[PDB]
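Student: quick check, what structure comes out for this input:
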Amino acid sequence: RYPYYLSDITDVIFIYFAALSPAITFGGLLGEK
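Tutor: Numbering: from 1, shown residues only. Dropping the coordinates below:
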């Protein structure tokens, strides 16, 4: 009865860590955030 909890949750973590993954590596020398 809780489908949206397993699929829609993993998808939210797929693009949340994917997008911020690179943006964190590149740059980040002078300004931290």
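Student: list the contacts for residue 12?
Tutor: By CB atoms under 8 Å, 6 or more residues apart in numbering, residue 12 lies in contact with nothing. C-beta: built from backbone N, CA, C; applies to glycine.
Student: quick one: classify it as helix, strand or coil.
Tutor: At residue 12, secondary structure determined by DSSP: H, G, I helix; E, B strand; the rest coil is helix.
Student: against residue 5, how distant is it?
Tutor: Between residue 12 and residue 5 the distance is 11 Å, computed by CB to CB, to the nearest Å.
Student: next one: residue 16
Tutor: Distance from residue 16 to residue 5, by CB to CB: 16 Å.
Student: and for residue 20?
Tutor: 23 Å.
Student: same thing with residue 23?
Tutor: Noted for residue 23: a distance of 28 Å to residue 5, by CB to CB.
Student: with residue 24 instead?
Tutor: Residue 24 is 27 Å from residue 5, by CB to CB.
Student: try residue 30
Tutor: With CB to CB as the criterion, residue 30 and residue 5 are 41 Å apart.
Student: compare the two (neighbour count), which wins?
Tutor: residue 5 (9 against 5; other CB atoms under 10 Å).
Student: what secondary structure does the more buried one sit in?
Tutor: Assignment for residue 5 (three-state DSSP): coil.
Student: wait, what's in contact with it?
Tutor: Contacts of residue 5 (CB under 8 Å, 6+ apart): none.
Student: torsion angles phi and psi at it?
Tutor: phi -80, psi -30 (degrees, to the nearest 10).
Student: any buried residues in the helix or strand containing residue 15, and which?
Tutor: Element membership of residue 15 [criterion: DSSP states H and E] is helix 7-25. For helix 7-25, burial by neighbour count (16 or more other CB atoms under 10 Å) applies to no residue.
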